[PDB]
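Trainee: What follows is a single structure, and I will ask about it in a moment.
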Amino acid sequence: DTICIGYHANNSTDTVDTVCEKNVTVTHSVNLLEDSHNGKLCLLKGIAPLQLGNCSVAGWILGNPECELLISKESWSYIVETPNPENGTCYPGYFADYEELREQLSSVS
Amino acid sequence: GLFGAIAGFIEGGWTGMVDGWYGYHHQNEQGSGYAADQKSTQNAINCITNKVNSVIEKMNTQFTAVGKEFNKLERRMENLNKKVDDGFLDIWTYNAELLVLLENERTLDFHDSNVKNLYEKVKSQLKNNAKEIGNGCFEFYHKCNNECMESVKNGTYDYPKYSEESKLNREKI
Amino acid sequence: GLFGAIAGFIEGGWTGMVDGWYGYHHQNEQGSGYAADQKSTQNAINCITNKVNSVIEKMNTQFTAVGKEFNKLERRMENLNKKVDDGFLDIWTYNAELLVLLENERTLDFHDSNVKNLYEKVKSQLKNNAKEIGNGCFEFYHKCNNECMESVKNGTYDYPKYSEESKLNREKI
Amino acid sequence: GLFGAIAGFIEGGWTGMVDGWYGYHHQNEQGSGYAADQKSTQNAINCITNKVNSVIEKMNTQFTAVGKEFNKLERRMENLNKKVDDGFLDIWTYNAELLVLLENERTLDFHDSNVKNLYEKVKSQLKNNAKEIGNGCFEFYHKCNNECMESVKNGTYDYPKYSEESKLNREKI
Amino acid sequence: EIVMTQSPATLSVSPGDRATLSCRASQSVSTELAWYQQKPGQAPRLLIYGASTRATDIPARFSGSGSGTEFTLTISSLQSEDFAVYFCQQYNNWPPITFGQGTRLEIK
Amino acid sequence: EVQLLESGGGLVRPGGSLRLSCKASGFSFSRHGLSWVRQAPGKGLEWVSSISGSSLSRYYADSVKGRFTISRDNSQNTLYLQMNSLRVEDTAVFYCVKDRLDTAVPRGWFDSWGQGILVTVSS
Amino acid sequence: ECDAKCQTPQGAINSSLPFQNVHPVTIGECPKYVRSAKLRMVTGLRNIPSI
Ligand SMILES: *[C@@H]1O[C@H](CO)[C@@H](O[C@@H]2O[C@H](CO)[C@@H](O[C@@H]3O[C@H](CO)[C@@H](O)[C@H](O)[C@@H]3O)[C@H](O)[C@H]2NC(C)=O)[C@H](O)[C@H]1NC(C)=O
Ligand SMILES: *[C@@H]1O[C@H](CO)[C@@H](O[C@@H]2O[C@H](CO)[C@@H](O[C@@H]3O[C@H](CO)[C@@H](O)[C@H](O)[C@@H]3O)[C@H](O)[C@H]2NC(C)=O)[C@H](O)[C@H]1NC(C)=O
Ligand SMILES: *[C@@H]1O[C@H](CO)[C@@H](O[C@@H]2O[C@H](CO)[C@@H](O[C@@H]3O[C@H](CO)[C@@H](O)[C@H](O)[C@@H]3O)[C@H](O)[C@H]2NC(C)=O)[C@H](O)[C@H]1NC(C)=O
Ligand SMILES: *[C@@H]1O[C@H](CO)[C@@H](O)[C@H](O)[C@H]1NC(C)=O
Ligand SMILES: *[C@@H]1O[C@H](CO)[C@@H](O)[C@H](O)[C@H]1NC(C)=O
Ligand SMILES: *[C@@H]1O[C@H](CO)[C@@H](O)[C@H](O)[C@H]1NC(C)=O
Ligand SMILES: *[C@@H]1O[C@H](CO)[C@@H](O)[C@H](O)[C@H]1NC(C)=O
Ligand SMILES: *[C@@H]1O[C@H](CO)[C@@H](O)[C@H](O)[C@H]1NC(C)=O
């Protein structure tokens with residue numbers, strides 16, 4: 001004729017960190033940090049963002065003979081470039097106010 | 001010894017019970033089994049979850065831009081942009097981290113306190129009709145069936161009904 | 001049920017008393033009414049106010065400028081100004097809010113604990129000369145006039161003076 | 001009165017003991033002096049220190065630049081640079097300060113609670129073989145030598161071995 | 001009471017092989033279950049308490065597996081010592097205790 | 001190691017009484033329980049009685065309920081089996097088994113087993 | 001082609017968690033960058049199955 005006091009505890013490998021100790025195992029836990037990415041860009045605000053193929057903003061805006069595959073991509077949400085865009089401007093020169101043009105053209109309807 | 005770090009009055013806990021977080025293991029004739037204190041778990045799940053919900057929901061969001069580009073003749077902008085971006089990065093790391101370490105003790109202390117006060121409730125409900133066998137386990141001197149046992153789980157218990165039965169216990173000792 | 005969430009040992013409280021935050025309801029022949037524990041309240045109003053004062057007074061203040069103006073050819077500055085201003089706006093919303101949410105439980109727990117320890121003080125002062133009538137109310141087996149009753153409010157109480165009176169109670173039972 | 005505000009159950013403390021933070025003053029025939037509770041001191045130094053270690057170690061650091069220079073025709077940069085620098089300065093003052101003020105009470109309450117639970121532990125170890133002399137000091141009705149007294153410091157104590165000795169105490173009273 | 005049974009009863013297997021005989025269980029009795037040995041000549045001993053771990057000084061060739069009603073026992077290798085009578089016990093509900101009917105294994 | 005000793009076996013006619021002494025050594029008897037099991041010839045074990053610490057918790061199998069009695073002595077660390085009204089189907093060995101612990105939870109599995117002793121009946 | 005709450009030079013993230021440590025560059029309504037490695041709170045008790 002006994003009654004005892006206890007708490008539920010199931011098998012779990014979850015670990016949490018606190019101040020009195022560390023690496024303590026607990027039953028159920030919830031995280032805040034996400035460290036997983038799909039690895040592929042996606043249509044974000046309902047409109048397909050344009051993808052620049054071996055071209056830069058100045059090269060494509062000025063109408064290089066290349067970069068002709070991206071004329072029917074009017075509306076977007078953002079612009080994707082290449083880490084080393086080669087076919088930019090053919091005739092060499094200094095494109096005035098380059099940076100401001102990119103920011104203004106970063107979004108259009 | 002990690003169990004010595006907390007030095008709690010209760011052992012590591014059980015695993016057979018599944019329908020709660022705090023409960024009892026009533027033993028008696030024809031009646032053994034586990035049990036769950038439905039009053040405590042529902043009133044302990046909500047507050048802990050709302051603490052998680054409060055943390056998650058208060059991260060207001062707005063459209064943000066990336067670090068812009070600058071030509072080599074405007075380097076001052078670039079380092080100013082790095083300073084402000086790094087300042088927020090350093091702020092959020094310390095603010096976010098120290099919150100989940102300070103509030104992890106709060107929830108862990110909450111669970112430890114929940115066991116204690118519930119343990120105190122059975123102690124005060126009946127005092128002389130019980131023996132402190134050990135770590136949070138009482139022993140009824142009298143006989144107490146399932147209908148009687150539920151009285152402990154309730155907030156109801158008739159001491160004078162069983163106090164006279166404790167007089168029979170005095171005869172044994 | 002909100003009262004079930006807290007599951008406090010005391011009921012909703014009274015409204016007749018006005019001269020304190022924690023008190024008593026002494027009743028005796030030729031005496032009744034309410035009271036107030038001047039010791040506890042004065043040591044409870046100060047700490048809570050200093051917590052509010054600490055929050056308010058530590059808002060250091062300094063002259064600040066508004067978001068400046070820029071022409072159409074310097075858009076980069078405008079967005080940088082927006083990013084830094086929005087960053088501080090997002091910081092203060094979360095920092096200020098979680099402060100008054102986490103420190104509201106600190107004061108609510110403080111008030112609940114104050115009742116408990118004050119209750120614990122009167123239990124230990126006299127143990128066998130009292131009966132656990134219910135929710136924080138005792139019953140003196142012996143007769144106790146107002147001068148005697150003030151002993152409870154004091155830290156002074158002579159057990160042997162009334163222990164022999166409790167022997168008469170043993171005769172009653 | 002500062003001592004009145006805290007209203008602790010124990011007095012100001014001792015200075016004779018040096019080998020711990022919480023201890024005892026076992027007195028008996030052929031014995032006296034102080035002692036220390038090695039189970040609790042090492043179990044309280046670590047958590048408090050790790051709280052300080054967590055505060056200090058989380059200050060991630062990186063190379064930082066000073067406020068740059070600007071000519072008189074670019075004053076907008078200077079005020080923008082001041083606004084961001086002053087914003088971080090204001091943030092860290094309130095964030096850092098309120099952390100050590102809120103967490104100073106956490107450690108102070110921790111120390112107060114540590115005394116109570118250890119004090120509670122000795123009470124439950126032996127109940128009727130002791131008298132509540134006063135502020136956390138008990139009096140053994142029976143005789144207890146040094147070997148006997150270590151039972152209190154251990155978690156081990158044979159009540160029935162001395163319960164019959166408490167029957168001799170009943171004869172005295 | 002909680003009724004328990006084992007089946008089949010009699011089985012002969014070459015030493016060193018694998019032979020498993022499961023005992024059913026009414027209700028669920030969670031994972032709380034015990035399995036006992038009884039060699040011909042002396043009193044029974046204990047092997048697995050909780051259906052997950054061995055006792056003190058026990059060869060590890062045995063295996064405690066199962067949950068709820070479906071409870072099984074399997075042995076990696078069988079020696080001439082293992083040919084004994086097996087009992088499975090439940091202790092989740094403990095006003096009564098109920099054993100099995102015993103399963104005997106033999107050779108030659 | 002833990003060793004147990006048992007005595008009191010023999011031949012008892014129906015309607016008599018028998019006392020089986022079960023001594024305990026090698027472990028803390030005060031904080032541990034004890035129980036009894038019975039094995040008829042050829043059949044499986046059938047538990048009869050189990051008693052926790054300090055002689056406050058007693059349970060009996062329904063087969064012999066209301067006609068068996070068990071007591072324990074801490075000073076002599078021995079257990080008794082008081083009974084009467086012998087049956088003809090009660091010819092069985094009676095072993096001694098040690099309960100896990102008193103204050104613990106999950107209880108029921110037996111670690112130490114004594115040899116036991118034989119009790120029979122005759123017409 | 002898919003739907004993403006915000007973008008990232010390496011890719012995109014999901015859910016509405018309040019922190020992320022995948023990249024300090026983002027496009028859309030999604031959380032701040034955190035240098036930390038992992039951080040979680042608990043809801044249940046300490047998991048101590050047996051001694
Ligand atoms: C503890 O709480 C439980 C539930 O909150 C109470 O259970 C209810 O108890 C009453 C009386 O004790 C039961 O009524 C009885 O019903 C039977 C039906 O045959 C009748 O014969 C009796 O005369 C009586 O009217 C009621 O059924 C039961 N509720 C159930 C089973 O759902 C309990 O009473 C409380 N107190 C204790 C000591 O457990
Ligand atoms: C509890 O605390 C209160 C106040 O802190 C104490 O009140 C004081 O008690 C003493 C003696 O108990 C009173 O002195 C008496 O004065 C009358 C005046 O006629 C005299 O006839 C008596 O012989 C005695 O000297 C004192 O007046 C009173 N203070 C007041 C009324 O302001 C009280 O004693 C403490 N103890 C208890 C048990 O209440
Ligand atoms: C409390 O804890 C302490 C240490 O954790 C225990 O101290 C040890 O106690 C045992 C028996 O009480 C001592 O063994 C004895 O040794 C003497 C040596 O002459 C022998 O004559 C006795 O027959 C017995 O075997 C042991 O030496 C001692 N440890 C020391 C002194 O370091 C203590 O037993 C625990 N219990 C109590 C009630 O204090
Ligand atoms: C416990 O172990 C079982 C057996 O593999 C597993 O199915 C179950 O998921 C584990 N518990 C949890 C919470 O994952
Ligand atoms: C936590 O402890 C487990 C068990 O020892 C170990 O496997 C794991 O690596 C530890 N993790 C950390 C971060 O210390
Ligand atoms: C784009 O550049 C990559 C790397 O230089 C090259 O492999 C690829 O053929 C180029 N595509 C076009 C269309 O120029
Ligand atoms: C385009 O870039 C390639 C190298 O990637 C180069 O060989 C070619 O001459 C360029 N042509 C134009 C028109 O940009
Ligand atoms: C993102 O999360 C949603 C649920 O919130 C899920 O339906 C969807 O499949 C997830 N996307 C990917 C790519 O996993």
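Residues are named by chain letter and number: chains run A, B, ... in the order of the structure tokens, numbers start at 1 in each chain, and ligands are numbered from 1 in the order shown.
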Return as a list in words the residues belonging to chain C that are within 9 Å of chain A, counting only C-alpha atoms.
Mentor: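 Residues of chain C within 9 Å of chain A, counting only C-alpha atoms: residues 73, 74, 75 and 76 of chain C.
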Trainee: Specify as a PDB file with N, CA, C and O atoms, in the first residue's frame all residues of chain G found within 12 Å of chain D, counting only C-alpha atoms.
Mentor:
```
ATOM      1  N   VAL G  34      23.754  34.401 -36.989  1.00  0.00           N
ATOM      2  CA  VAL G  34      24.324  34.101 -35.682  1.00  0.00           C
ATOM      3  C   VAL G  34      25.574  33.255 -35.882  1.00  0.00           C
ATOM      4  O   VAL G  34      25.537  32.240 -36.584  1.00  0.00           O
ATOM      5  N   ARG G  35      26.679  33.683 -35.269  1.00  0.00           N
ATOM      6  CA  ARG G  35      27.935  32.949 -35.379  1.00  0.00           C
ATOM      7  C   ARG G  35      27.907  31.647 -34.587  1.00  0.00           C
ATOM      8  O   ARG G  35      28.674  30.726 -34.891  1.00  0.00           O
ATOM      9  N   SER G  36      27.042  31.549 -33.582  1.00  0.00           N
ATOM     10  CA  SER G  36      27.017  30.382 -32.710  1.00  0.00           C
ATOM     11  C   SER G  36      26.800  29.099 -33.509  1.00  0.00           C
ATOM     12  O   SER G  36      26.387  29.114 -34.670  1.00  0.00           O
TER      13      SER G  36
END
```
Trainee: Residues within 6 Å of ligand 3 should be enumerated using only C-alpha atoms and all ligand atoms and returned as JSON, numbers by chain.
Mentor: {"D": [147, 148, 150, 151, 154]}
Trainee: Residues within 10 Å of residue 26 of chain E, please, as a PyMOL selection string. Count only C-alpha atoms; anything in the same chain fewer than 5 positions from it doesn't count.
Mentor: chain E and resi 1-5+68-70
Trainee: Go ahead and write the selection's residues with N, CA and C atoms as a compact mmCIF listing (two decimals), in the first residue's frame.
Mentor:
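Saved the output as selection-v7.txt:
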```txt
# COMPACT_ATOMS: atom_id res chain seq x y z
N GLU E 1 -6.51 -12.14 -13.17
CA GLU E 1 -5.06 -11.80 -13.13
C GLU E 1 -4.48 -11.73 -14.54
N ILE E 2 -3.24 -11.27 -14.63
CA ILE E 2 -2.54 -11.22 -15.91
C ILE E 2 -2.13 -12.63 -16.29
N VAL E 3 -2.66 -13.12 -17.41
CA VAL E 3 -2.41 -14.47 -17.88
C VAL E 3 -1.26 -14.43 -18.87
N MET E 4 -0.33 -15.37 -18.73
CA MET E 4 0.83 -15.47 -19.61
C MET E 4 0.98 -16.92 -20.04
N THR E 5 1.55 -17.12 -21.23
CA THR E 5 1.76 -18.46 -21.75
C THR E 5 2.91 -18.46 -22.74
N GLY E 68 5.56 -4.56 -25.25
CA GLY E 68 4.13 -4.81 -25.15
C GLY E 68 3.82 -6.29 -25.05
N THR E 69 2.85 -6.73 -25.85
CA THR E 69 2.44 -8.13 -25.80
C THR E 69 3.46 -9.03 -26.47
N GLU E 70 4.02 -8.60 -27.60
CA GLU E 70 4.98 -9.40 -28.35
C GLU E 70 6.31 -9.38 -27.61
```
Trainee: What residues of the protein or nucleic acid chains come within 7 Å of ligand 8 when you use only C-alpha atoms and all ligand atoms? Reply as a list in words.
Mentor: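 For ligand 8, the residues inside 7 Å are residues 38 of chain A; 14 and 15 of chain G.
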Trainee: Could those residues be written to a file, using C-alpha atoms, as a JSON list (two decimals), in the first residue's frame?
Mentor:
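The resulting file, selection19.json, is reproduced below:
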```json
[["chain", "number", "residue", "atom", "x", "y", "z"],
["A", 38, "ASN", "CA", 18.44, 23.51, -50.14],
["G", 14, "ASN", "CA", 12.78, 27.12, -44.60],
["G", 15, "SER", "CA", 10.47, 27.52, -41.60]]
```
Trainee: I'd like the neighbourhood of residue 102 of chain E as a list in words, where a residue qualifies if any of its atoms comes within 7 Å (using only C-alpha atoms), though same-chain residues fewer than 3 positions away should be ignored.
Mentor: residues 85, 86 and 87 of chain E; 44 of chain F
Trainee: Set the cut-off to 10 Å, count only C-alpha atoms and all ligand atoms, and list whatever residues fall near ligand 6 as a PDB file with C-alpha atoms, in the first residue's frame.
Mentor:
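Produced file result_28.pdb, reproduced below:
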```pdb
ATOM      1  CA  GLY A  53      24.596  33.646 -67.640  1.00  0.00           C
ATOM      2  CA  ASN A  54      28.237  34.743 -67.846  1.00  0.00           C
ATOM      3  CA  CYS A  55      27.141  38.389 -67.899  1.00  0.00           C
ATOM      4  CA  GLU A  66      25.970  38.145 -75.851  1.00  0.00           C
ATOM      5  CA  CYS A  67      23.494  37.843 -72.953  1.00  0.00           C
ATOM      6  CA  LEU A  69      18.967  34.741 -73.754  1.00  0.00           C
ATOM      7  CA  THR A  82      28.273  34.755 -61.731  1.00  0.00           C
ATOM      8  CA  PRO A  83      31.276  35.030 -59.357  1.00  0.00           C
ATOM      9  CA  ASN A  84      33.557  36.117 -62.243  1.00  0.00           C
ATOM     10  CA  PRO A  85      31.285  37.677 -64.893  1.00  0.00           C
ATOM     11  CA  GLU A  86      33.421  37.847 -68.028  1.00  0.00           C
ATOM     12  CA  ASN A  87      31.292  39.089 -70.944  1.00  0.00           C
TER      13      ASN A  87
END
```
Trainee: Taking only C-alpha atoms into account, find every residue of chain D that has an atom no more than 12 Å from chain F, and write it out as JSON, numbers by chain.
Mentor: {"D": [158, 159, 160, 161]}
Trainee: Restricted to N, CA and C atoms, what would the selected residues look like written as a PDB file, in the first residue's frame?
Mentor:
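Printed below is again25.pdb as written:
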```pdb
ATOM      1  N   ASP D 158      20.613   5.677  11.301  1.00  0.00           N
ATOM      2  CA  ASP D 158      19.748   4.584  11.745  1.00  0.00           C
ATOM      3  C   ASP D 158      18.820   5.126  12.828  1.00  0.00           C
ATOM      4  N   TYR D 159      17.625   5.548  12.418  1.00  0.00           N
ATOM      5  CA  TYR D 159      16.656   6.066  13.380  1.00  0.00           C
ATOM      6  C   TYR D 159      16.256   5.038  14.430  1.00  0.00           C
ATOM      7  N   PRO D 160      15.853   3.809  14.082  1.00  0.00           N
ATOM      8  CA  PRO D 160      15.436   2.867  15.136  1.00  0.00           C
ATOM      9  C   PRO D 160      16.530   2.554  16.136  1.00  0.00           C
ATOM     10  N   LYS D 161      17.801   2.649  15.743  1.00  0.00           N
ATOM     11  CA  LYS D 161      18.883   2.446  16.700  1.00  0.00           C
ATOM     12  C   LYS D 161      18.805   3.469  17.825  1.00  0.00           C
TER      13      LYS D 161
END
```
Trainee: I'd like to know which residues of chain E are strand (DSSP E or B) (by DSSP, run on the backbone); could you write them as an mmCIF file with C-alpha atoms, in the first residue's frame?
Mentor:
```
data_model
loop_
_atom_site.group_PDB
_atom_site.id
_atom_site.type_symbol
_atom_site.label_atom_id
_atom_site.label_comp_id
_atom_site.auth_asym_id
_atom_site.auth_seq_id
_atom_site.Cartn_x
_atom_site.Cartn_y
_atom_site.Cartn_z
ATOM 1 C CA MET E 4 0.831 -15.471 -19.606
ATOM 2 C CA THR E 5 1.755 -18.465 -21.747
ATOM 3 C CA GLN E 6 4.610 -19.841 -23.850
ATOM 4 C CA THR E 10 9.170 -29.153 -26.334
ATOM 5 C CA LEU E 11 11.976 -28.432 -28.804
ATOM 6 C CA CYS E 23 5.709 -16.123 -24.428
ATOM 7 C CA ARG E 24 2.501 -14.179 -25.020
ATOM 8 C CA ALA E 25 1.093 -11.616 -22.602
ATOM 9 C CA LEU E 33 9.345 -8.400 -17.704
ATOM 10 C CA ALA E 34 11.784 -10.969 -16.333
ATOM 11 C CA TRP E 35 13.195 -14.202 -17.764
ATOM 12 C CA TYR E 36 14.480 -16.970 -15.489
ATOM 13 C CA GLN E 37 16.692 -20.015 -15.982
ATOM 14 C CA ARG E 45 18.282 -17.846 -11.286
ATOM 15 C CA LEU E 46 17.772 -14.526 -13.084
ATOM 16 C CA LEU E 47 18.930 -13.497 -16.565
ATOM 17 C CA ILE E 48 17.114 -10.402 -17.868
ATOM 18 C CA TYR E 49 15.298 -7.821 -15.744
ATOM 19 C CA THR E 53 19.671 -5.851 -19.608
ATOM 20 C CA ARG E 54 21.441 -8.856 -18.133
ATOM 21 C CA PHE E 62 21.380 -14.297 -24.566
ATOM 22 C CA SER E 63 19.192 -11.508 -25.945
ATOM 23 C CA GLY E 64 16.334 -9.673 -24.255
ATOM 24 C CA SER E 65 14.007 -8.205 -26.881
ATOM 25 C CA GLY E 66 10.350 -7.298 -27.268
ATOM 26 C CA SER E 67 7.740 -4.716 -26.291
ATOM 27 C CA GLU E 70 4.977 -9.404 -28.347
ATOM 28 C CA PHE E 71 7.840 -10.627 -26.145
ATOM 29 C CA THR E 72 10.561 -12.913 -27.494
ATOM 30 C CA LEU E 73 13.828 -14.467 -26.350
ATOM 31 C CA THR E 74 16.716 -15.436 -28.632
ATOM 32 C CA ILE E 75 20.126 -16.974 -27.916
ATOM 33 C CA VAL E 85 13.577 -24.913 -18.471
ATOM 34 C CA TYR E 86 12.666 -21.305 -19.228
ATOM 35 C CA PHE E 87 10.255 -19.077 -17.292
ATOM 36 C CA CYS E 88 9.054 -15.608 -18.287
ATOM 37 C CA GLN E 89 7.561 -13.309 -15.650
ATOM 38 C CA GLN E 90 5.596 -10.063 -15.766
ATOM 39 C CA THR E 98 2.199 -15.142 -12.915
ATOM 40 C CA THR E 103 9.692 -24.881 -22.038
ATOM 41 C CA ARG E 104 12.176 -27.768 -21.972
ATOM 42 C CA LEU E 105 15.088 -28.144 -24.399
#
```
Trainee: Distance limit 7 Å, reference ligand 4, atoms considered: only C-alpha atoms and all ligand atoms. Which residues make the cut? Give them as a VMD selection string.
Mentor: chain A and resid 10 to 12
Trainee: Given a cut-off of 6 Å, which residues of chain B touch chain E, counting only C-alpha atoms, written out as a count of residues only?
Mentor: 4
Trainee: Could you pull the residues within 8 Å of segment 28-36 of chain A, counting only C-alpha atoms, minus those fewer than 5 positions along the same chain, as a ChimeraX atom specification?
Mentor: /A:12,14,16 /B:56 /G:13,17-22,38-45
Trainee: What is the atom CA of residue 82 of chain B-atom CA of residue 79 of chain C distance in Å, reported with one decimal?
Mentor: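 Computed distance, atom CA of residue 82 of chain B to atom CA of residue 79 of chain C, equals 14.3 Å.
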Trainee: Considering only C-alpha atoms, give me a table of residues in chain D that are at most 8 Å from chain C, with the closest atom pair and distance in Å for each, as a Markdown table.
Mentor:
```
| residue | atom | partner | partner_atom | distance |
| --- | --- | --- | --- | --- |
| D:4 | CA | C:43 | CA | 7.8 |
| D:5 | CA | C:43 | CA | 5.1 |
| D:6 | CA | C:43 | CA | 7.8 |
| D:76 | CA | C:68 | CA | 7.8 |
| D:80 | CA | C:81 | CA | 7.4 |
| D:83 | CA | C:64 | CA | 7.5 |
| D:84 | CA | C:84 | CA | 6.8 |
| D:87 | CA | C:88 | CA | 7.4 |
| D:90 | CA | C:60 | CA | 6.9 |
| D:94 | CA | C:58 | CA | 6.4 |
| D:98 | CA | C:55 | CA | 7.9 |
```
Trainee: Do you know which residues are within 12 Å of ligand 5 using only C-alpha atoms and all ligand atoms? Can you write them as a tab-separated table (two decimals) with N, CA and C atoms, in the first residue's frame?
Mentor:
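Result saved to selection_14.tsv:
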```tsv
chain	number	residue	atom	x	y	z
A	13	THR	N	18.46	11.05	-27.16
A	13	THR	CA	19.85	11.49	-27.24
A	13	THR	C	19.98	13.00	-27.30
A	14	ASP	N	18.87	13.74	-27.17
A	14	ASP	CA	18.93	15.19	-27.25
A	14	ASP	C	19.80	15.75	-26.14
A	15	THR	N	20.55	16.80	-26.46
A	15	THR	CA	21.43	17.46	-25.51
A	15	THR	C	21.18	18.96	-25.54
A	16	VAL	N	21.29	19.58	-24.37
A	16	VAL	CA	21.14	21.02	-24.23
A	16	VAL	C	22.25	21.53	-23.32
A	17	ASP	N	22.53	22.83	-23.44
A	17	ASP	CA	23.57	23.47	-22.66
A	17	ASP	C	22.96	24.53	-21.75
A	21	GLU	N	25.79	23.48	-15.84
A	21	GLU	CA	26.46	22.33	-16.44
A	21	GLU	C	26.36	22.45	-17.95
A	22	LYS	N	26.82	21.41	-18.64
A	22	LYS	CA	26.80	21.37	-20.10
A	22	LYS	C	26.61	19.94	-20.56
A	23	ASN	N	26.15	19.80	-21.81
A	23	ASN	CA	25.99	18.49	-22.44
A	23	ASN	C	25.04	17.60	-21.65
A	24	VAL	N	24.05	18.21	-21.02
A	24	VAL	CA	23.06	17.44	-20.27
A	24	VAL	C	21.98	16.92	-21.21
A	25	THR	N	21.55	15.69	-20.97
A	25	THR	CA	20.57	15.01	-21.80
A	25	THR	C	19.18	15.27	-21.26
A	26	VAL	N	18.25	15.62	-22.15
A	26	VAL	CA	16.88	15.94	-21.79
A	26	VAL	C	15.93	15.18	-22.70
B	2	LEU	N	26.95	13.59	-12.17
B	2	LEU	CA	25.91	14.52	-12.59
B	2	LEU	C	24.71	14.48	-11.66
G	37	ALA	N	27.08	27.97	-32.86
G	37	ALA	CA	27.01	26.66	-33.49
G	37	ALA	C	25.67	25.98	-33.25
G	38	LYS	N	25.20	25.96	-32.00
G	38	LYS	CA	23.92	25.34	-31.69
G	38	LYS	C	23.37	25.98	-30.42
G	39	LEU	N	22.04	26.00	-30.31
G	39	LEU	CA	21.39	26.53	-29.12
G	39	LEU	C	19.94	26.08	-29.11
```
Trainee: Considering only C-alpha atoms, return as a ChimeraX atom specification whatever protein or nucleic-acid residues lie within 9 Å of residue 5 of chain G, sequence-local ones (same chain, fewer than 6 positions apart) excluded.
Mentor: /A:44-45 /G:12-16,27-30
Trainee: One decimal, Å: what's the distance from atom CA of residue 108 of chain B over to atom CA of residue 48 of chain G, could you say?
Mentor: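 These two atoms are separated by 13.7 Å.
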